[PDB]
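**Q** Input data_1.cif, format and content: mmCIF, C-alpha atoms and all ligand atoms.
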```
data_structure
loop_
_atom_site.label_atom_id
_atom_site.label_comp_id
_atom_site.auth_asym_id
_atom_site.auth_seq_id
_atom_site.Cartn_x
_atom_site.Cartn_y
_atom_site.Cartn_z
CA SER A 1 10.41 115.86 91.68
CA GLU A 2 12.52 117.96 89.51
CA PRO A 3 15.64 119.21 91.27
CA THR A 4 15.87 122.88 92.15
CA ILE A 5 19.12 124.38 90.88
CA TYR A 6 19.92 127.44 92.99
CA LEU A 7 23.35 127.87 91.42
CA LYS A 8 25.31 126.01 88.77
CA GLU A 9 28.69 127.35 87.72
CA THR A 10 31.15 125.44 85.55
CA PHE A 11 32.96 128.38 83.87
CA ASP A 12 32.49 126.74 80.48
CA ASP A 13 30.50 129.30 78.49
CA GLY A 14 33.42 131.46 77.36
CA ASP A 15 33.76 134.97 78.81
CA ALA A 16 30.25 134.98 80.27
CA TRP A 17 31.46 134.38 83.83
CA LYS A 18 32.75 137.96 83.76
CA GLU A 19 29.15 139.26 83.73
CA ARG A 20 27.99 137.02 86.60
CA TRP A 21 30.87 137.41 89.02
CA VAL A 22 31.72 140.76 90.61
CA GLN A 23 35.29 141.68 91.59
CA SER A 24 35.04 143.52 94.91
CA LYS A 25 36.38 147.06 95.02
CA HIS A 26 36.84 147.09 98.80
CA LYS A 27 40.60 146.80 98.41
CA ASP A 28 42.76 148.22 95.67
CA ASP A 29 45.18 145.28 95.47
CA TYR A 30 42.82 142.33 95.28
CA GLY A 31 44.22 139.19 93.72
CA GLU A 32 43.41 138.60 90.06
CA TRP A 33 41.47 135.76 88.50
CA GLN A 34 41.60 133.83 85.29
CA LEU A 35 40.11 130.85 83.52
CA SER A 36 42.34 127.83 83.03
CA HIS A 37 42.03 124.13 82.22
CA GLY A 38 44.95 123.33 84.50
CA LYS A 39 48.13 121.33 84.14
CA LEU A 40 46.27 118.00 84.01
CA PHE A 41 43.11 118.11 81.93
CA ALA A 42 40.91 115.92 79.73
CA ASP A 43 39.39 118.64 77.60
CA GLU A 44 41.45 121.71 76.75
CA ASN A 45 38.00 123.35 76.82
CA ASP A 46 37.05 122.43 80.42
CA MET A 47 37.97 125.61 82.37
CA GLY A 48 38.05 126.48 86.05
CA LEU A 49 38.58 129.67 88.04
CA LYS A 50 42.23 130.33 88.89
CA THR A 51 44.14 132.57 91.28
CA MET A 52 47.00 134.22 89.43
CA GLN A 53 48.96 136.26 91.98
CA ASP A 54 51.06 135.26 95.01
CA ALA A 55 50.52 136.86 98.45
CA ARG A 56 47.14 138.48 97.78
CA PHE A 57 43.61 138.67 99.07
CA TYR A 58 40.86 137.56 96.75
CA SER A 59 37.24 138.72 96.78
CA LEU A 60 34.92 137.70 93.93
CA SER A 61 31.21 136.96 94.37
CA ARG A 62 28.05 136.28 92.41
CA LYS A 63 24.29 135.94 92.90
CA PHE A 64 22.43 132.66 92.94
CA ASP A 65 20.32 131.83 89.91
CA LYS A 66 17.46 131.46 92.43
CA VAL A 67 17.24 132.46 96.06
CA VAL A 68 17.25 129.58 98.61
CA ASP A 69 14.59 128.66 101.16
CA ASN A 70 15.39 125.16 102.40
CA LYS A 71 12.34 124.89 104.74
CA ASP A 72 11.29 121.22 104.58
CA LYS A 73 13.85 120.43 101.83
CA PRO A 74 17.49 119.41 101.84
CA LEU A 75 20.16 121.94 100.94
CA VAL A 76 23.16 120.57 99.02
CA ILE A 77 26.31 122.66 98.43
CA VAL A 78 29.11 121.21 96.33
CA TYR A 79 32.15 122.28 94.31
CA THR A 80 35.66 121.21 93.33
CA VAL A 81 39.06 122.53 94.46
CA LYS A 82 42.34 121.76 92.70
CA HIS A 83 45.50 122.99 94.42
CA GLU A 84 47.55 122.11 91.35
CA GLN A 85 50.33 124.52 92.43
CA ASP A 86 51.12 122.41 95.53
CA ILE A 87 49.80 124.97 98.01
CA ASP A 88 51.79 125.93 101.08
CA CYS A 89 49.33 128.30 102.75
CA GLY A 90 45.99 129.46 101.33
CA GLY A 91 42.27 129.22 101.53
CA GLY A 92 40.14 127.13 99.21
CA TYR A 93 36.75 127.70 100.81
CA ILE A 94 33.63 129.56 99.70
CA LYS A 95 31.33 131.98 101.50
CA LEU A 96 27.51 131.79 101.21
CA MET A 97 25.55 135.00 101.94
CA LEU A 98 22.07 136.55 101.95
CA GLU A 99 20.64 137.60 98.60
CA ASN A 100 20.88 141.39 99.04
CA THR A 101 24.61 141.50 99.73
CA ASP A 102 26.51 144.33 98.06
CA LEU A 103 28.99 142.35 95.97
CA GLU A 104 30.97 145.43 94.95
CA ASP A 105 32.11 145.71 98.59
CA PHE A 106 32.32 142.00 99.53
CA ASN A 107 35.24 141.27 101.88
CA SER A 108 36.31 139.41 105.05
CA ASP A 109 34.09 141.63 107.20
CA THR A 110 30.97 141.22 105.08
CA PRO A 111 28.35 139.21 106.96
CA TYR A 112 28.02 135.66 105.64
CA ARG A 113 25.83 132.65 106.54
CA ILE A 114 28.09 129.66 105.72
CA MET A 115 31.84 129.34 105.31
CA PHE A 116 32.67 125.95 103.86
CA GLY A 117 35.70 124.37 102.23
CA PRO A 118 39.38 123.52 102.68
CA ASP A 119 42.01 125.64 104.44
CA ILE A 120 45.68 124.63 104.26
CA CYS A 121 48.67 126.27 105.96
CA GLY A 122 51.49 123.84 106.65
CA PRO A 123 51.15 120.08 107.23
CA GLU A 124 49.30 120.55 110.54
CA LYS A 125 46.41 122.78 109.40
CA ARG A 126 44.40 120.57 107.07
CA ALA A 127 40.85 121.44 107.94
CA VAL A 128 37.59 121.71 106.07
CA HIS A 129 35.81 124.78 107.37
CA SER A 130 32.16 124.13 108.08
CA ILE A 131 30.91 127.37 109.63
CA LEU A 132 27.19 127.77 110.08
CA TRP A 133 24.92 130.56 111.20
CA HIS A 134 22.52 130.94 114.11
CA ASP A 135 20.91 133.97 115.72
CA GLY A 136 23.31 136.62 114.41
CA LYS A 137 26.63 134.78 114.80
CA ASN A 138 28.81 132.31 112.95
CA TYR A 139 29.89 129.11 114.67
CA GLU A 140 32.75 126.79 113.83
CA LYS A 141 32.13 123.04 113.85
CA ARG A 142 33.50 121.28 116.93
CA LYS A 143 35.70 118.85 114.99
CA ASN A 144 36.38 119.97 111.43
CA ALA A 145 36.58 117.46 108.60
CA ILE A 146 40.10 116.88 107.30
CA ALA A 147 41.11 118.58 104.06
CA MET A 148 43.07 117.23 101.11
CA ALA A 149 46.50 118.75 100.49
CA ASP A 150 47.59 116.97 97.31
CA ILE A 151 47.67 118.54 93.83
CA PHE A 152 44.51 116.95 92.35
CA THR A 153 40.76 117.67 92.08
CA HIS A 154 38.63 117.23 95.20
CA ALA A 155 34.87 117.62 95.47
CA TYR A 156 33.77 119.15 98.78
CA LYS A 157 30.10 118.79 99.64
CA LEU A 158 27.88 120.00 102.49
CA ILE A 159 24.33 118.66 102.94
CA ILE A 160 21.86 120.12 105.46
CA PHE A 161 18.63 118.18 106.17
CA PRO A 162 15.33 119.55 107.60
CA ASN A 163 15.56 117.20 110.58
CA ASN A 164 18.50 119.37 111.75
CA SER A 165 21.11 116.89 110.54
CA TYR A 166 24.01 117.19 108.09
CA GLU A 167 26.65 115.32 106.10
CA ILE A 168 30.11 116.46 104.89
CA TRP A 169 31.70 114.68 101.92
CA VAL A 170 35.14 114.83 100.35
CA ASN A 171 34.67 113.06 97.00
CA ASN A 172 32.64 109.90 97.67
CA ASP A 173 33.83 109.51 101.28
CA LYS A 174 31.44 110.81 103.97
CA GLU A 175 33.83 112.36 106.50
CA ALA A 176 31.27 113.72 108.98
CA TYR A 177 27.56 113.59 109.76
CA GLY A 178 25.19 114.01 112.63
CA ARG A 179 23.01 116.57 114.29
CA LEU A 180 23.54 120.31 114.08
CA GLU A 181 22.89 120.74 117.82
CA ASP A 182 25.63 118.32 118.88
CA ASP A 183 28.48 118.76 116.40
CA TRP A 184 28.46 122.57 116.72
CA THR A 185 27.95 124.86 119.70
CA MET A 186 25.16 126.97 118.21
CA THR A 187 22.90 125.83 121.07
CA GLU A 188 23.03 125.43 124.82
CA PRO A 189 25.02 122.24 125.56
CA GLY A 190 22.14 120.22 127.03
CA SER A 191 19.83 118.55 124.57
CA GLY A 192 16.86 120.52 123.28
CA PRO A 193 15.13 121.47 120.04
CA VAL A 194 16.01 124.41 117.83
CA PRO A 195 13.51 123.63 115.07
CA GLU A 196 14.77 125.94 112.27
CA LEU A 197 18.51 125.68 113.02
CA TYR A 198 18.94 124.03 109.60
CA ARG A 199 17.15 126.84 107.80
CA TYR A 200 18.92 129.34 105.49
CA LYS A 201 16.04 131.34 104.02
CA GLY A 202 17.21 134.10 101.69
CA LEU A 203 20.60 132.59 100.89
CA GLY A 204 21.49 133.97 97.47
CA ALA A 205 25.17 134.73 96.97
CA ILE A 206 28.46 132.84 96.79
CA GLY A 207 31.87 134.43 97.16
CA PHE A 208 35.53 133.52 97.27
CA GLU A 209 37.01 135.62 100.08
CA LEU A 210 40.51 134.22 100.34
CA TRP A 211 44.14 134.76 101.13
CA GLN A 212 46.75 132.82 99.22
CA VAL A 213 50.54 132.72 99.50
CA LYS A 214 51.40 130.38 96.61
CA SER A 215 48.50 130.94 94.22
CA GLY A 216 47.26 128.81 91.33
CA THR A 217 44.25 126.98 92.78
CA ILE A 218 41.44 126.03 90.36
CA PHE A 219 37.75 126.06 91.42
CA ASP A 220 34.99 124.42 89.37
CA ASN A 221 31.69 122.55 89.32
CA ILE A 222 29.74 124.70 91.77
CA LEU A 223 26.25 123.36 92.43
CA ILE A 224 23.68 124.46 94.98
CA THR A 225 20.56 122.28 94.87
CA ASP A 226 17.86 120.58 96.93
CA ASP A 227 18.63 117.14 95.41
CA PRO A 228 21.43 115.05 96.96
CA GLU A 229 21.14 112.47 94.19
CA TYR A 230 21.36 115.02 91.40
CA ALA A 231 24.44 116.47 93.17
CA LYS A 232 26.24 113.11 93.22
CA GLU A 233 25.24 112.57 89.63
CA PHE A 234 26.28 116.08 88.56
CA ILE A 235 29.75 115.86 90.08
CA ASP A 236 30.28 112.29 88.90
CA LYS A 237 29.56 113.37 85.33
CA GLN A 238 31.63 116.57 85.53
CA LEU A 239 34.74 114.71 86.77
CA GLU A 240 34.12 111.60 84.63
CA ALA A 241 36.95 112.38 82.20
CA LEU A 242 39.30 114.09 84.67
CA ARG A 243 39.40 111.41 87.41
CA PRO A 244 41.33 108.76 85.39
CA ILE A 245 43.80 111.34 84.05
CA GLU A 246 44.64 112.39 87.60
CA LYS A 247 44.61 108.81 88.93
CA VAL A 248 47.29 107.90 86.39
CA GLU A 249 49.44 110.74 87.70
CA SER A 250 49.04 109.85 91.39
CA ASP A 251 50.18 106.27 90.78
CA CA B 1 34.36 123.75 84.01
#
```
Would it be possible to restate this file's structure as structure tokens?
**A**
Amino acid sequence: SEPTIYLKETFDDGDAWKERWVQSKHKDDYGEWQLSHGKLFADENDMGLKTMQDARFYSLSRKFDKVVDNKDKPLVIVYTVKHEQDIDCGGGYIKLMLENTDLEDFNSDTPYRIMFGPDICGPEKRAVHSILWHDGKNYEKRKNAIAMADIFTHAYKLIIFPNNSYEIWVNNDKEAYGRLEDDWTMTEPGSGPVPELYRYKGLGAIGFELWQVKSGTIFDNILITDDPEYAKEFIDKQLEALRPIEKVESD
């Protein structure tokens, strides 16, 4: 069928991102954002979203193109993180919220449904957050996927299936998968059905709610869809030029 595109953000239509994304006014000293093609690039016209200030909180959010109801469909969330600055301590994860969230006040205390993406602070903490929602509370995964700490582009992807199962991908490596009821503690420990555990009806906003010490991270290629194959295709095409450029540098 034809893939539903709940959100597609590639920051490539000039200044237009400034009318989609809202800078929260909850704090007066929020970190400041900018478009950039990065140190290593293929096209001096391929831009990502960049943190510009050290030792700051960030809070910038935006509505979906279309509100989500993943009842009886997959839900695919994917985007790219580039810690080109060689990050010491900082978040690189996104927050997914209900559609009627007040973006002008978005912050750490705002309710959210999913928190997903890398979090680095020293060489021990290298975790991919994977926080889901059930019955009024957020729940951390039991064993988080391991995050990338190098200076190159990494695609982080979360897939939720209507049989209450999930996958987590970093690039084309599937780091985690299984059942929602087992790999989290959203449910009572003994086995039993929670039929709509997978369901995120009304999901409609994405936000970067972050702290960074050494800033300079670039986010790009944000897709929220119901089509896992379109998501692999979309990322593969978006990074088609960049991947070899970075591979040359790693070797
Ligand atoms: Ca882009």
**Q** Can you pull out every residue with an atom within 7 Å of ligand CA 1 (chain B)? Use only C-alpha atoms and all ligand atoms and format it as number ranges by chain.
**A** A: 10-12, 46-48, 220-221
**Q** What's around region 175-187 of chain A at 8 Å? Count all atoms listed in the file, leave out sequence neighbours fewer than 4 positions away in its own chain, and write the answer as a short mmCIF file (atom, residue, chain, number, x, y, z; two decimals) with C-alpha atoms, in the coordinates of the input.
**A**
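selection-v8.cif, freshly written:
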```
data_model
loop_
_atom_site.label_atom_id
_atom_site.label_comp_id
_atom_site.auth_asym_id
_atom_site.auth_seq_id
_atom_site.Cartn_x
_atom_site.Cartn_y
_atom_site.Cartn_z
CA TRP A 133 24.92 130.56 111.20
CA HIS A 134 22.52 130.94 114.11
CA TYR A 139 29.89 129.11 114.67
CA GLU A 140 32.75 126.79 113.83
CA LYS A 141 32.13 123.04 113.85
CA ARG A 142 33.50 121.28 116.93
CA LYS A 143 35.70 118.85 114.99
CA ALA A 145 36.58 117.46 108.60
CA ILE A 146 40.10 116.88 107.30
CA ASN A 164 18.50 119.37 111.75
CA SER A 165 21.11 116.89 110.54
CA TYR A 166 24.01 117.19 108.09
CA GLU A 167 26.65 115.32 106.10
CA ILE A 168 30.11 116.46 104.89
CA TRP A 169 31.70 114.68 101.92
CA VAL A 170 35.14 114.83 100.35
CA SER A 191 19.83 118.55 124.57
CA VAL A 194 16.01 124.41 117.83
CA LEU A 197 18.51 125.68 113.02
CA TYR A 198 18.94 124.03 109.60
#
```
**Q** For residue 103 (chain A), please output as a PyMOL selection string all residues within 10 Å (counting all atoms listed in the file; exclusion window: fewer than 6 positions along the same chain).
**A** chain A and resi 21-26+59-63+110+205-207
**Q** When you draw a straight line from CA of residue 101 (chain A) to CA of residue 27 (chain A), how long is it in Å?
**A**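 That distance, rounded to one decimal, is 16.9 Å.
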**Q** Let me make sure I understand: among A:247, A:20, A:201, A:56, which one has the smallest atom-to-atom distance to residue 151 (chain A) if we use all atoms listed in the file?
**A**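 Ranked by minimum distance to residue 151 (chain A), first place goes to A:247.
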**Q** Could you tell me how far CA of residue 82 (chain A) sits from CA of residue 147 (chain A), in Å to one decimal place?
**A**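 According to the coordinates, CA of residue 147 (chain A) and CA of residue 82 (chain A) are separated by 11.9 Å.
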**Q** What is the CA of residue 99 (chain A) to CA of residue 215 (chain A) distance in Å?
**A**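 We find that CA of residue 99 (chain A) and CA of residue 215 (chain A) lie 29.0 Å from each other.
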**Q** Using only C-alpha atoms, which residues sit within 8 Å of residue 162 (chain A) once same-chain residues fewer than 4 positions away are excluded, as a list in words?
**A** residues 70, 71, 72, 73, 74, 196, 198 and 199 of chain A
**Q** My list of candidates is A:230, A:200, A:189, A:163. Which is closest to residue 135 (chain A) when distances are computed with all atoms listed in the file?
**A** A:200
**Q** Measuring atom to atom with only C-alpha atoms, identify which of A:107, A:51, A:250, A:144 is nearest to residue 38 (chain A).
**A**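 With only C-alpha atoms as the atom set, the closest residue is A:51.
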**Q** Would you mind putting N, CA, C and O atoms back on region 132-151 of chain A and writing the result as a PDB file, in the frame of the given file?
**A**
```
ATOM      1  N   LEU A 132      28.607 127.574 110.305  1.00  0.00           N
ATOM      2  CA  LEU A 132      27.190 127.770 110.080  1.00  0.00           C
ATOM      3  C   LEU A 132      26.734 129.022 110.802  1.00  0.00           C
ATOM      4  O   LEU A 132      27.510 129.680 111.504  1.00  0.00           O
ATOM      5  N   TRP A 133      25.453 129.328 110.667  1.00  0.00           N
ATOM      6  CA  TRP A 133      24.920 130.560 111.200  1.00  0.00           C
ATOM      7  C   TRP A 133      23.737 130.270 112.104  1.00  0.00           C
ATOM      8  O   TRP A 133      22.923 129.385 111.819  1.00  0.00           O
ATOM      9  N   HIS A 134      23.665 131.018 113.206  1.00  0.00           N
ATOM     10  CA  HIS A 134      22.520 130.940 114.110  1.00  0.00           C
ATOM     11  C   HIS A 134      22.416 132.228 114.894  1.00  0.00           C
ATOM     12  O   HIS A 134      23.379 132.625 115.552  1.00  0.00           O
ATOM     13  N   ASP A 135      21.260 132.873 114.820  1.00  0.00           N
ATOM     14  CA  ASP A 135      20.910 133.970 115.720  1.00  0.00           C
ATOM     15  C   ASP A 135      21.967 135.080 115.728  1.00  0.00           C
ATOM     16  O   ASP A 135      22.356 135.582 116.781  1.00  0.00           O
ATOM     17  N   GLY A 136      22.448 135.454 114.548  1.00  0.00           N
ATOM     18  CA  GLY A 136      23.310 136.620 114.410  1.00  0.00           C
ATOM     19  C   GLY A 136      24.787 136.379 114.543  1.00  0.00           C
ATOM     20  O   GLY A 136      25.537 137.355 114.634  1.00  0.00           O
ATOM     21  N   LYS A 137      25.230 135.121 114.589  1.00  0.00           N
ATOM     22  CA  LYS A 137      26.630 134.780 114.800  1.00  0.00           C
ATOM     23  C   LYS A 137      26.991 133.547 113.994  1.00  0.00           C
ATOM     24  O   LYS A 137      26.151 132.676 113.743  1.00  0.00           O
ATOM     25  N   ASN A 138      28.260 133.477 113.608  1.00  0.00           N
ATOM     26  CA  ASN A 138      28.810 132.310 112.950  1.00  0.00           C
ATOM     27  C   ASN A 138      29.419 131.411 114.002  1.00  0.00           C
ATOM     28  O   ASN A 138      29.855 131.876 115.055  1.00  0.00           O
ATOM     29  N   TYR A 139      29.429 130.110 113.718  1.00  0.00           N
ATOM     30  CA  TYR A 139      29.890 129.110 114.670  1.00  0.00           C
ATOM     31  C   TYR A 139      30.705 128.059 113.947  1.00  0.00           C
ATOM     32  O   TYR A 139      30.218 127.441 112.995  1.00  0.00           O
ATOM     33  N   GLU A 140      31.929 127.834 114.410  1.00  0.00           N
ATOM     34  CA  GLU A 140      32.750 126.790 113.830  1.00  0.00           C
ATOM     35  C   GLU A 140      32.311 125.420 114.334  1.00  0.00           C
ATOM     36  O   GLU A 140      31.934 125.265 115.502  1.00  0.00           O
ATOM     37  N   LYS A 141      32.357 124.423 113.446  1.00  0.00           N
ATOM     38  CA  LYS A 141      32.130 123.040 113.850  1.00  0.00           C
ATOM     39  C   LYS A 141      33.096 122.640 114.967  1.00  0.00           C
ATOM     40  O   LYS A 141      34.185 123.200 115.106  1.00  0.00           O
ATOM     41  N   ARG A 142      32.688 121.662 115.776  1.00  0.00           N
ATOM     42  CA  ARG A 142      33.500 121.280 116.930  1.00  0.00           C
ATOM     43  C   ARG A 142      34.753 120.558 116.494  1.00  0.00           C
ATOM     44  O   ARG A 142      35.845 120.851 116.982  1.00  0.00           O
ATOM     45  N   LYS A 143      34.610 119.628 115.563  1.00  0.00           N
ATOM     46  CA  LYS A 143      35.700 118.850 114.990  1.00  0.00           C
ATOM     47  C   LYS A 143      35.574 119.012 113.481  1.00  0.00           C
ATOM     48  O   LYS A 143      34.635 118.481 112.883  1.00  0.00           O
ATOM     49  N   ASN A 144      36.500 119.737 112.864  1.00  0.00           N
ATOM     50  CA  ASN A 144      36.380 119.970 111.430  1.00  0.00           C
ATOM     51  C   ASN A 144      36.775 118.707 110.664  1.00  0.00           C
ATOM     52  O   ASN A 144      37.612 117.914 111.112  1.00  0.00           O
ATOM     53  N   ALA A 145      36.151 118.520 109.499  1.00  0.00           N
ATOM     54  CA  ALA A 145      36.580 117.460 108.600  1.00  0.00           C
ATOM     55  C   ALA A 145      37.997 117.754 108.105  1.00  0.00           C
ATOM     56  O   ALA A 145      38.443 118.899 108.079  1.00  0.00           O
ATOM     57  N   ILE A 146      38.707 116.715 107.689  1.00  0.00           N
ATOM     58  CA  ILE A 146      40.100 116.880 107.300  1.00  0.00           C
ATOM     59  C   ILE A 146      40.179 117.135 105.806  1.00  0.00           C
ATOM     60  O   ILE A 146      39.491 116.474 105.014  1.00  0.00           O
ATOM     61  N   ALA A 147      40.985 118.123 105.428  1.00  0.00           N
ATOM     62  CA  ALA A 147      41.110 118.580 104.060  1.00  0.00           C
ATOM     63  C   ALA A 147      42.219 117.841 103.302  1.00  0.00           C
ATOM     64  O   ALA A 147      43.149 117.277 103.884  1.00  0.00           O
ATOM     65  N   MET A 148      42.087 117.834 101.982  1.00  0.00           N
ATOM     66  CA  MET A 148      43.070 117.230 101.110  1.00  0.00           C
ATOM     67  C   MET A 148      44.133 118.254 100.734  1.00  0.00           C
ATOM     68  O   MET A 148      43.818 119.398 100.400  1.00  0.00           O
ATOM     69  N   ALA A 149      45.397 117.837 100.766  1.00  0.00           N
ATOM     70  CA  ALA A 149      46.500 118.750 100.490  1.00  0.00           C
ATOM     71  C   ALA A 149      47.287 118.349  99.245  1.00  0.00           C
ATOM     72  O   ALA A 149      48.297 118.988  98.936  1.00  0.00           O
ATOM     73  N   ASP A 150      46.834 117.361  98.484  1.00  0.00           N
ATOM     74  CA  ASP A 150      47.590 116.970  97.310  1.00  0.00           C
ATOM     75  C   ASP A 150      47.334 117.971  96.186  1.00  0.00           C
ATOM     76  O   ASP A 150      46.806 119.062  96.413  1.00  0.00           O
ATOM     77  N   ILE A 151      47.724 117.622  94.963  1.00  0.00           N
ATOM     78  CA  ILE A 151      47.670 118.540  93.830  1.00  0.00           C
ATOM     79  C   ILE A 151      46.543 118.196  92.855  1.00  0.00           C
ATOM     80  O   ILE A 151      46.575 118.629  91.714  1.00  0.00           O
TER      81      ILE A 151
END
```
